């Protein structure tokens, strides 16, 4: 098993994956903040304060009450200053002709500002081919949803295997997974795991939590995605630091 810095240099690495792995190693962070907020000012204040602690900021642009492209310009300034990627959790999930338009156009213009997006694999590989027509010219990357954290997830067994094959067959554009565990044996792919909290439990609507030690250390994932465990805390910076230190030490211990 290679360090994040050595994985950044692998022959088949995607440039977006390489940039991410290099800043993960430099900053000693494998934490992705899930910035599930409704106010642009709160998104930007979190991005600025937590930027040094995170390798990535996951957005849901469609829950911002005051979205504008100027907000995303300000977010890019912070991502460049603090060195983290912007991942829009769009969950593209239809035929290629549709998702192509959803990625480039509309009021969000997601491909213009998002380093990473993700897709569900349920439509078959046309979802990736459609996104790649916009993403490859813009030097972007994509994550495929191979497993989900929620109760009753159908992203199991042959579904998960199909996501891994689709990723491995589209390595020009697909850089990794949303998953609960390592699902690819190829070290060029990133594994990002949501459903993470320091304490046991869940929510009222099917979310299930596992710890950073479990996710990174035992299940072999690379990055934890954390929303409410940070966002609902009083001191979001200290919370982010606790999650960062947990995920980083779990990674170091696994690497030995």
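Positions refer to the first chain, counted from 1. C-alpha atoms forming the largest set that superposes within 1.5 Å between two forms make up the rigid core.
Practice prompt. Just give me the stretch that moves more in 5 other deposited structures of this protein: 91-99 or 121-129, judged by RMS C-alpha distance after a core fit.
Written response: After the core superposition, the stretch with higher RMS deviation in 5 other deposited structures of this protein is 91-99.
Item to complete: Read off the CA B-factors in the entry, average them over 117-125 and over 160-168, and name the higher stretch.
Response: The recorded data point to 160-168.
Worksheet entry | Stretch with the greater mean C-alpha B-factor as recorded in the entry, comparing 66-74 against 224-232 | So the stretch with the higher mean C-alpha B-factor is 66-74.
Worksheet item: According to the deposited entry, which of 30, 59, 38, 193 has the largest Cα B-factor?
Response: When the deposited C-alpha B-factors of 30, 59, 38, 193 are compared, 38 is largest.
Worksheet item: Lowest, middle or highest third: where is residue 13 by C-alpha B factor in its chain?
Response: Within its chain, residue 13 is a highest-third residue by C-alpha B-factor, going by the deposited values.
Worksheet item: When the modelled residues of the chain are sorted by Cα temperature factor, does residue 43 land in the lowest, middle or highest third?
Response: According to the entry, residue 43 has a C-alpha B-factor in the chain's middle third.
Discussion item. Lowest, middle or highest third: which one holds residue 137 when the chain's residues are ordered by CA B-factor from the entry?
Written reply: According to the entry, residue 137 has a C-alpha B-factor in the chain's highest third.
Worksheet item: When the modelled residues of the chain are sorted by Cα temperature factor, does residue 107 land in the lowest, middle or highest third?
Response: Its C-alpha B-factor belongs to the highest third of this chain's values.
Practice prompt. Divide the modelled residues of the chain into thirds by Cα B-factor and specify which third, lowest, middle or highest, holds residue 179.
Written response: It falls in the bottom third of the chain.
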